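Everything below concerns the one structure shown next.
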2 protein chains.
Amino acid sequence: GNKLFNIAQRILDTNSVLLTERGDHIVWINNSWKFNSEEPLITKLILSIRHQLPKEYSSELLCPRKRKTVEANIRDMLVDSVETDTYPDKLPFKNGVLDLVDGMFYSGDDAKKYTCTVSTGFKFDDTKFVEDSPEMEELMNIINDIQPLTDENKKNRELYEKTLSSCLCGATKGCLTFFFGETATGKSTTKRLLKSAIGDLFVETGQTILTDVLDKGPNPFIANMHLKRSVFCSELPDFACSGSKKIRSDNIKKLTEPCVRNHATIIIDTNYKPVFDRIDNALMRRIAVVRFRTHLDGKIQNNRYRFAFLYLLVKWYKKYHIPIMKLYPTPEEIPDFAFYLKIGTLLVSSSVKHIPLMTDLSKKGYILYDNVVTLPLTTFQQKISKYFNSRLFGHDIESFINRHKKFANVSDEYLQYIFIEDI
Amino acid sequence: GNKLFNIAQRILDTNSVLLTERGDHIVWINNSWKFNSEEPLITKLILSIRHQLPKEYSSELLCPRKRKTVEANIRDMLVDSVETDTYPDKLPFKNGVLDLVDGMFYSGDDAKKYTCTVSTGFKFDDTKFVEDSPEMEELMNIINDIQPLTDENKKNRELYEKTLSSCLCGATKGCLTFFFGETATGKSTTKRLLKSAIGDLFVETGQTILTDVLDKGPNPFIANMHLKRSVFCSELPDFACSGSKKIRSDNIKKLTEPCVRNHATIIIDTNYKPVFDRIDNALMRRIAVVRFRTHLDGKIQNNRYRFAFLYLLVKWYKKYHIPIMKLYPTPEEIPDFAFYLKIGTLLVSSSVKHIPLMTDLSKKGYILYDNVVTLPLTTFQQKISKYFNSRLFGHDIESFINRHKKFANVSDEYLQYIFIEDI
């Protein structure tokens with residue numbers, strides 16, 4: 001056999017080139033995984049790899065024709081595709097990868113076992129990443145001041161922790177966090193703090209994507225989120241005042257779908273209660289709200305506590321986080337949302353069980369027209385007005401009636417729903 | 001004579017490369033058929049098959065130039081052309097193919113004779129596939145609880161069994177199926193079972209990109225379904241309220257025929273009565289409805305019932321399904337159709353034989369217009385009111401008279417339809 005095939009076999013044995021599902025080849029150089037298409041990097045690896053080879057095989061990887069032949073031989077013997085960006089339990093660095101399972105830092109060729117195409121953008125240091133230090137002593141007071149240790153907030157505190165516990169674990173988390181508070185309440189103190197802790201992956205924006213459809217075109221806002229670990233909405237549109245675009249909805253549902261991969265959590269800071277275009281029953285299944293009831297900079301700007309802040313995060317991924325990543329929505333604390341569940345509980349549509357009960361509802365004023373319960377117009381309106389405060393609620397009631405004006409005819413105005421309290 | 005020519009002849013004799021009359025060659029490598037729109041794979045196949053040859057025709061199969069020469073010789077020996085995915089009774093797995101008419105599993109080169117370019121995405125095994133297991137016992141318990149064998153539901157049960165087994169998943173089948181019943185009655189539980197049974201080939205979609213024209217723009221759905229086996233609509237209540245789009249009948253006609261391969265069954269399931277933009281001839285033929293009126297847990301997540309669902313399906317296919325996948329419509333239980341069927345039966349276009357019979361209709365007050373028998377305007381609006389209630393059927397009557405009226409000159413509009421109930 002010729003020497004070129006043996007050299008190619010040896011290079012493949014020292015596995016450094018992999019084939020992706022897109023048909024491109026990824027190479028291992030400079031302790032990093034390079035993935036490129038316009039510039040072939042195979043020959044560059046061939047030139048550098050010659051040092052750790054027998055001298056007889058060496059001194060031949062100099063004429064470009066030999067390197068081209070070796071590259072062709074390597075390319076012709078790769079038939080199995082592999083997947084990238086797996087193990088959603090470790091995070092990369094400029095010098096290796098840190099595993100959350102045991103807090104150990106793979107470095108050098110140990111990183112080859114993980115196909116991580118991104119990095120935190122800065123070097124990793126084991127120093128200052130300890131459970132006890134002067135920075136360790138001077139910390140966990142800002143959080144306690146910002147997050148009270150009271151029992152009623154304690155669970156909320158855990159929920160407040162949970163977001164950061166899910167901040168870096170990327171498994172296409174569909175959930176929305178709403179940090180509610182006011183000025184100088186410490187909510188902004190955590191702002192950009194993760195940028196000190198994580199960096200590079202931390203990205204923030206305003207309302208540009210909050211009031212528009214991401215499918216508008218090939219904007220960068222639908223390109224960078226494919227690999228970002230987390231995102232953070234900022235600013236205060238103040239939906240209440242005139243001129244706001246309210247909420248462009250279903251964008252959250254669209255982004256919940258993987259691809260079009262996506263592993264960035266979304267956090268929105270608000271000093272006011274938001275106003276939405278509409279409400280769908282699935283919306284309460286994703287959004288959560290965390291409040292703050294409380295109300296020096298250069299040191300954080302120096303990023304002294306970069307490794308120190310990571311340790312309490314590690315403890316938080318130890319707590320309530322190892323088995324599952326699940327985020328539990330809390331629609332109860334969301335205003336303009338309790339009304340929807342209240343009217344849903346008190347009002348039901350045509351079900352299987354009401355078939356005999358119409359016989360009773362006939363004496364309740366419910367006509368049995370079209371084999372369904374029909375209530376005379378404005379009768380339900382006055383019933384609700386007696387069972388509610390009207391005013392702001394009454395406007396929402398009228399809006400819901402307009403949205404669901406289930407009228408068979410223009411002359412025949414009725415409601416297809418059934419009053420629970422009528423029973 | 002020429003060693004490379006003999007090698008190419010032997011490789012062709014192995015029957016591993018085929019032409020697909022589309023400018024591309026399919027290659028049988030890694031126990032699977034792969035296309036050639038990617039980088040050429042013939043050289044990879046040659047390098048792989050290298051071993052199964054004499055050493056004399058093995059040593060020189062290392063230089064890329066000789067491999068390219070052999071490939072060029074190989075390309076000149078193909079003048080024929082074969083199709084892909086022709087047999088409709090085969091279900092392709094990752095490690096083999098399952099027969100449906102008989103019941104047997106190929107695994108390896110035995111399955112090479114079948115040209116299938118798709119797979120379920122999961123490897124198939126005889127273990128947990130046979131009967132007499134706790135999983136299948138739970139399986140009949142579940143399907144008997146959800147679908148009782150009562151005489152009321154016996155037709156519903158038989159249509160439901162047919163619809164699941166209606167997917168031979170190998171040929172284009174029309175008659176878009178419909179599922180209606182009470183929600184939260186195990187109807188939604190079956191979609192996860194179907195997802196487990198099918199795997200990657202199963203795709204479900206909600207009401208999105210459905211109420212509009214699917215053909216406009218290069219939509220991914222029309223691009224991917226060419227080699228898909230089962231795609232059906234998700235369970236969503238119909239948007240019959242204010243500010244809601246309607247169901248376009250042109251899309252049904254577009255999807256009922258293969259694109260210029262629609263070998264998939266389309267099912268629309270919901271617990272809410274749909275509404276219709278327009279009606280026309282044969283549209284009731286392409287719709288079939290199965291009632292779901294009649295009314296586990298973590299075992300669905302671990303797909304422990306993934307297997308044995310296929311023995312249920314194949315037993316259904318053996319049960320009265322093997323004489324063709326012909327479907328039958330059920331438009332009786334659909335609104336906007338009963339009155340349409342009645343007016344179709346009660347009215348017929350007048351012919352020459354009805355010309356003298358007009359004299360009898362002359363006793364009823366009908367007047368001939370343009371020396372041809374017809375129905376004068378306003379002389380039948382009250383006639384229809386006798387047969388059908390004005391309040392509900394008046395909108396349908398006015399819509400029909402606005403759509404189809406054969407509006408002639410002023411005071412000469414004519415209706416070439418007679419009443420068979422009167423005569």
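In the structure tokens, chains take the letters A, B, ... in the order shown, each chain's residues start at 1, and ligands count up from 1 in the order shown.
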Which residues of chain A are close to chain B, meaning at most 10 Å apart when you count only C-alpha atoms, and how do they look as a PDB file with C-alpha atoms, in the first residue's frame?
ATOM      1  CA  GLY A   1       0.000   0.000   0.000  1.00  0.00           C
ATOM      2  CA  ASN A   2       1.030   3.575  -0.700  1.00  0.00           C
ATOM      3  CA  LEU A   4      -0.628   8.363   1.516  1.00  0.00           C
ATOM      4  CA  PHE A   5      -3.418   5.947   2.455  1.00  0.00           C
ATOM      5  CA  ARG A  22     -25.321  19.671   6.481  1.00  0.00           C
ATOM      6  CA  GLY A  23     -22.570  17.978   4.454  1.00  0.00           C
ATOM      7  CA  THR A  69      -4.318  13.444  -2.329  1.00  0.00           C
ATOM      8  CA  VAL A  70      -4.366  12.846   1.435  1.00  0.00           C
ATOM      9  CA  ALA A  72      -9.204  13.325  -0.961  1.00  0.00           C
ATOM     10  CA  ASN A  73      -8.465   9.995   0.734  1.00  0.00           C
ATOM     11  CA  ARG A  75     -12.861  12.765   2.446  1.00  0.00           C
ATOM     12  CA  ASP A  76     -13.643   9.486   0.666  1.00  0.00           C
ATOM     13  CA  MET A  77     -13.649   7.448   3.911  1.00  0.00           C
ATOM     14  CA  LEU A  78     -16.112   9.477   6.033  1.00  0.00           C
ATOM     15  CA  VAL A  79     -19.676   8.178   5.693  1.00  0.00           C
ATOM     16  CA  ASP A  80     -21.234   8.579   9.169  1.00  0.00           C
ATOM     17  CA  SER A 350     -72.283  23.143  25.457  1.00  0.00           C
ATOM     18  CA  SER A 351     -70.993  19.898  26.992  1.00  0.00           C
ATOM     19  CA  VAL A 352     -72.235  16.313  27.109  1.00  0.00           C
ATOM     20  CA  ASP A 370     -81.685  24.679  17.990  1.00  0.00           C
ATOM     21  CA  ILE A 401     -69.169  39.285  23.939  1.00  0.00           C
ATOM     22  CA  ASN A 402     -68.134  41.010  20.707  1.00  0.00           C
ATOM     23  CA  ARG A 403     -65.363  38.445  20.199  1.00  0.00           C
ATOM     24  CA  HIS A 404     -67.838  35.594  20.757  1.00  0.00           C
ATOM     25  CA  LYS A 405     -71.139  36.990  19.434  1.00  0.00           C
ATOM     26  CA  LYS A 406     -72.548  33.530  18.705  1.00  0.00           C
ATOM     27  CA  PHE A 407     -75.715  34.846  17.062  1.00  0.00           C
ATOM     28  CA  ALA A 408     -77.539  32.501  14.693  1.00  0.00           C
ATOM     29  CA  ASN A 409     -79.432  35.432  13.151  1.00  0.00           C
ATOM     30  CA  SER A 411     -82.793  39.236  14.837  1.00  0.00           C
ATOM     31  CA  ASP A 412     -82.069  36.305  17.193  1.00  0.00           C
TER      32      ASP A 412
END
Query - Contacts of residue 27 (chain B) at 7 Å (only C-alpha atoms; same-chain gap of 3+ positions) as a PyMOL selection string - result: chain B and resi 16-18+33-35
Which polymer residues have any atom within 9 Å of an atom of residue 171 (chain A), counting only C-alpha atoms, with same-chain residues fewer than 3 positions away left out, as a PDB file with N, CA, C and O atoms, in the first residue's frame?
ATOM      1  N   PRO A  88     -26.826  19.160  27.115  1.00  0.00           N
ATOM      2  CA  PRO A  88     -27.335  20.408  27.700  1.00  0.00           C
ATOM      3  C   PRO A  88     -27.127  20.488  29.212  1.00  0.00           C
ATOM      4  O   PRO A  88     -28.030  20.855  29.965  1.00  0.00           O
ATOM      5  N   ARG A 261     -31.698  23.380  19.282  1.00  0.00           N
ATOM      6  CA  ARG A 261     -31.321  24.618  18.612  1.00  0.00           C
ATOM      7  C   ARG A 261     -31.493  25.833  19.516  1.00  0.00           C
ATOM      8  O   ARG A 261     -30.575  26.204  20.248  1.00  0.00           O
ATOM      9  N   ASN A 262     -32.671  26.450  19.455  1.00  0.00           N
ATOM     10  CA  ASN A 262     -32.917  27.666  20.218  1.00  0.00           C
ATOM     11  C   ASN A 262     -32.987  27.331  21.701  1.00  0.00           C
ATOM     12  O   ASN A 262     -33.813  26.514  22.121  1.00  0.00           O
ATOM     13  N   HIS A 263     -32.120  27.961  22.494  1.00  0.00           N
ATOM     14  CA  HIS A 263     -32.023  27.626  23.909  1.00  0.00           C
ATOM     15  C   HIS A 263     -31.913  28.863  24.794  1.00  0.00           C
ATOM     16  O   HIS A 263     -31.400  28.764  25.916  1.00  0.00           O
ATOM     17  N   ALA A 264     -32.382  30.017  24.327  1.00  0.00           N
ATOM     18  CA  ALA A 264     -32.254  31.272  25.055  1.00  0.00           C
ATOM     19  C   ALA A 264     -33.526  31.537  25.852  1.00  0.00           C
ATOM     20  O   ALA A 264     -34.611  31.662  25.274  1.00  0.00           O
ATOM     21  N   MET A 325     -36.083  20.295  34.617  1.00  0.00           N
ATOM     22  CA  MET A 325     -35.859  21.709  34.347  1.00  0.00           C
ATOM     23  C   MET A 325     -37.152  22.513  34.334  1.00  0.00           C
ATOM     24  O   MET A 325     -37.132  23.689  33.958  1.00  0.00           O
TER      25      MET A 325
END
Query raised in the report: What's the 9 Å shell around region 213-222 of chain A, counting only C-alpha atoms, without same-chain residues fewer than 6 positions away, as JSON, numbers by chain?
Result: {"A": [248, 249, 250, 251, 254, 255, 260]}
**Report entry** Of the listed residues B:116, B:227, B:233, B:100, that which approaches residue 172 (chain B) most closely, counting only C-alpha atoms
**Finding:**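 The answer is B:227, which sits nearest to residue 172 (chain B).
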Apply DSSP to the backbone of this structure and, from region 81-252 of chain B, keep only the residues in strand (DSSP E); write these as an mmCIF file with N, CA, C and O atoms, in the first residue's frame.
data_model
loop_
_atom_site.group_PDB
_atom_site.id
_atom_site.type_symbol
_atom_site.label_atom_id
_atom_site.label_comp_id
_atom_site.auth_asym_id
_atom_site.auth_seq_id
_atom_site.Cartn_x
_atom_site.Cartn_y
_atom_site.Cartn_z
ATOM 1 N N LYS B 90 -45.307 -2.010 2.147
ATOM 2 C CA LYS B 90 -44.099 -2.144 2.947
ATOM 3 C C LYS B 90 -43.917 -0.922 3.836
ATOM 4 O O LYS B 90 -44.133 0.214 3.401
ATOM 5 N N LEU B 91 -43.521 -1.162 5.081
ATOM 6 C CA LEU B 91 -43.247 -0.094 6.041
ATOM 7 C C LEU B 91 -41.758 -0.112 6.356
ATOM 8 O O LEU B 91 -41.268 -1.090 6.951
ATOM 9 N N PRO B 92 -40.994 0.914 5.978
ATOM 10 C CA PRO B 92 -39.533 0.853 6.139
ATOM 11 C C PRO B 92 -39.105 1.288 7.534
ATOM 12 O O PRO B 92 -39.431 2.387 7.985
ATOM 13 N N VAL B 97 -37.352 -3.699 6.886
ATOM 14 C CA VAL B 97 -38.659 -3.342 6.345
ATOM 15 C C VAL B 97 -39.676 -4.393 6.773
ATOM 16 O O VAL B 97 -39.381 -5.592 6.783
ATOM 17 N N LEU B 98 -40.871 -3.939 7.140
ATOM 18 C CA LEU B 98 -41.943 -4.812 7.598
ATOM 19 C C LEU B 98 -42.998 -4.942 6.508
ATOM 20 O O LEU B 98 -43.435 -3.939 5.934
ATOM 21 N N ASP B 99 -43.397 -6.179 6.224
ATOM 22 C CA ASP B 99 -44.464 -6.437 5.269
ATOM 23 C C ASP B 99 -45.817 -6.347 5.960
ATOM 24 O O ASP B 99 -45.966 -6.736 7.122
ATOM 25 N N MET B 104 -43.916 -10.005 8.203
ATOM 26 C CA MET B 104 -42.558 -10.535 8.201
ATOM 27 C C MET B 104 -41.612 -9.346 8.095
ATOM 28 O O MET B 104 -41.988 -8.283 7.597
ATOM 29 N N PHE B 105 -40.388 -9.524 8.588
ATOM 30 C CA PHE B 105 -39.450 -8.413 8.719
ATOM 31 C C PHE B 105 -38.126 -8.752 8.051
ATOM 32 O O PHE B 105 -37.459 -9.716 8.442
ATOM 33 N N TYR B 106 -37.749 -7.960 7.048
ATOM 34 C CA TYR B 106 -36.416 -8.029 6.468
ATOM 35 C C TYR B 106 -35.467 -7.121 7.239
ATOM 36 O O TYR B 106 -35.857 -6.064 7.743
ATOM 37 N N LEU B 176 -60.696 13.287 2.630
ATOM 38 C CA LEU B 176 -60.256 13.886 3.885
ATOM 39 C C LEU B 176 -61.197 13.508 5.019
ATOM 40 O O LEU B 176 -62.403 13.768 4.956
ATOM 41 N N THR B 177 -60.649 12.887 6.058
ATOM 42 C CA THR B 177 -61.462 12.346 7.135
ATOM 43 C C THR B 177 -61.672 13.381 8.235
ATOM 44 O O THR B 177 -60.871 14.300 8.426
ATOM 45 N N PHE B 178 -62.770 13.215 8.969
ATOM 46 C CA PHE B 178 -63.150 14.133 10.031
ATOM 47 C C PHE B 178 -63.453 13.366 11.309
ATOM 48 O O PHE B 178 -64.051 12.286 11.273
ATOM 49 N N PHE B 179 -63.042 13.941 12.436
ATOM 50 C CA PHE B 179 -63.274 13.378 13.759
ATOM 51 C C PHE B 179 -63.986 14.419 14.609
ATOM 52 O O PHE B 179 -63.495 15.544 14.761
ATOM 53 N N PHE B 180 -65.138 14.045 15.163
ATOM 54 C CA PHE B 180 -65.911 14.931 16.019
ATOM 55 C C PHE B 180 -66.415 14.162 17.229
ATOM 56 O O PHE B 180 -66.810 12.998 17.114
ATOM 57 N N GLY B 181 -66.404 14.820 18.382
ATOM 58 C CA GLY B 181 -66.877 14.198 19.600
ATOM 59 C C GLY B 181 -66.647 15.110 20.788
ATOM 60 O O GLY B 181 -66.259 16.271 20.639
ATOM 61 N N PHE B 202 -44.476 10.850 11.088
ATOM 62 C CA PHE B 202 -45.718 11.448 11.557
ATOM 63 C C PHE B 202 -45.526 12.943 11.784
ATOM 64 O O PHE B 202 -44.583 13.361 12.462
ATOM 65 N N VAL B 203 -46.424 13.743 11.217
ATOM 66 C CA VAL B 203 -46.412 15.193 11.383
ATOM 67 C C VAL B 203 -47.841 15.656 11.625
ATOM 68 O O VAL B 203 -48.762 15.232 10.921
ATOM 69 N N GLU B 204 -48.028 16.518 12.622
ATOM 70 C CA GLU B 204 -49.331 17.096 12.911
ATOM 71 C C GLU B 204 -49.217 18.613 12.950
ATOM 72 O O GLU B 204 -48.205 19.166 13.389
ATOM 73 N N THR B 205 -50.267 19.281 12.475
ATOM 74 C CA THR B 205 -50.301 20.734 12.414
ATOM 75 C C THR B 205 -51.660 21.223 12.891
ATOM 76 O O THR B 205 -52.670 20.529 12.752
ATOM 77 N N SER B 230 -48.113 10.096 6.752
ATOM 78 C CA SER B 230 -49.320 10.422 7.510
ATOM 79 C C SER B 230 -49.158 11.800 8.137
ATOM 80 O O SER B 230 -48.344 11.978 9.048
ATOM 81 N N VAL B 231 -49.932 12.767 7.649
ATOM 82 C CA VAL B 231 -50.004 14.106 8.224
ATOM 83 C C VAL B 231 -51.474 14.462 8.398
ATOM 84 O O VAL B 231 -52.263 14.319 7.459
ATOM 85 N N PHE B 232 -51.842 14.923 9.591
ATOM 86 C CA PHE B 232 -53.231 15.247 9.879
ATOM 87 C C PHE B 232 -53.301 16.507 10.732
ATOM 88 O O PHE B 232 -52.342 16.876 11.415
ATOM 89 N N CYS B 233 -54.453 17.171 10.672
ATOM 90 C CA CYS B 233 -54.652 18.402 11.423
ATOM 91 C C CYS B 233 -54.780 18.113 12.915
ATOM 92 O O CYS B 233 -55.199 17.030 13.328
#
Query raised in the report: Mind checking DSSP for region 253-316 of chain A and telling me the helix (DSSP H, G or I) residues as a list in words?
Result: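 Reading the DSSP output for region 253-316 of chain A, helix (DSSP H, G or I) covers residues 253, 254, 255, 256, 283, 284, 285, 298, 299, 300, 301, 306, 307, 308, 309, 310, 311, 312, 313, 314, 315 and 316 of chain A.
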Output C-alpha atoms for every residue in the selection just made, as an mmCIF file, in the first residue's frame.
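Dumped to selection.cif:
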data_model
loop_
_atom_site.group_PDB
_atom_site.id
_atom_site.type_symbol
_atom_site.label_atom_id
_atom_site.label_comp_id
_atom_site.auth_asym_id
_atom_site.auth_seq_id
_atom_site.Cartn_x
_atom_site.Cartn_y
_atom_site.Cartn_z
ATOM 1 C CA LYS A 253 -45.701 30.441 20.508
ATOM 2 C CA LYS A 254 -43.758 30.727 17.242
ATOM 3 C CA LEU A 255 -40.412 31.014 19.039
ATOM 4 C CA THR A 256 -41.316 28.130 21.367
ATOM 5 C CA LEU A 283 -50.836 31.791 27.411
ATOM 6 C CA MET A 284 -51.227 31.117 31.136
ATOM 7 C CA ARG A 285 -49.281 27.867 30.629
ATOM 8 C CA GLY A 298 -17.315 49.837 39.764
ATOM 9 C CA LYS A 299 -16.580 46.565 41.553
ATOM 10 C CA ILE A 300 -19.285 44.819 39.520
ATOM 11 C CA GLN A 301 -18.006 46.612 36.414
ATOM 12 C CA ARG A 306 -17.415 36.518 37.860
ATOM 13 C CA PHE A 307 -16.366 33.165 39.323
ATOM 14 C CA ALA A 308 -17.763 33.937 42.785
ATOM 15 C CA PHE A 309 -21.283 34.563 41.470
ATOM 16 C CA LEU A 310 -21.115 31.267 39.568
ATOM 17 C CA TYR A 311 -20.848 29.191 42.759
ATOM 18 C CA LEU A 312 -24.270 30.068 44.168
ATOM 19 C CA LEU A 313 -25.599 29.446 40.661
ATOM 20 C CA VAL A 314 -23.991 25.990 40.829
ATOM 21 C CA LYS A 315 -25.705 25.368 44.159
ATOM 22 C CA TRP A 316 -28.983 26.487 42.574
#
Report task. Would you work out the distance separating CA of residue 378 (chain A) from CA of residue 245 (chain B), expressed in Å to one decimal? Result ->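 For CA of residue 378 (chain A) relative to CA of residue 245 (chain B), the distance reads 27.3 Å.
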**Report entry** Residue with smallest distance to residue 197 (chain B) - pool B:148, B:134, B:258, B:121, counting only C-alpha atoms
**Finding:**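 Closest to residue 197 (chain B) of all the choices is B:121.
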Query - CA of residue 162 (chain B) to CA of residue 336 (chain B), straight-line distance in Å - result: 25.6 Å
Report task. Find the spatial neighbours of residue 417 (chain B), counting only C-alpha atoms, within a cut-off of 6 Å - ignore same-chain residues fewer than 6 positions away - and output them as a list in words. Result ->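 Within the cut-off, the hits are residues 347, 348, 349 and 350 of chain B.
Atom pair CA of residue 382 (chain B) / CA of residue 397 (chain B) has a distance of 11.0 Å (rounded to one decimal).
Excluding residue 108 (chain B) and any residue on its chain fewer than 6 positions from it, the residues at most 8 Å away by only C-alpha atoms are residues 31, 95 and 96 of chain B.
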Please produce an output containing C-alpha atoms for each residue in the selection, written as a PDB file, in the first residue's frame.
ATOM      1  CA  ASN B  31     -27.343  -0.761   4.661  1.00  0.00           C
ATOM      2  CA  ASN B  95     -32.856  -1.657  10.396  1.00  0.00           C
ATOM      3  CA  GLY B  96     -35.204  -3.332   7.909  1.00  0.00           C
TER       4      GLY B  96
END
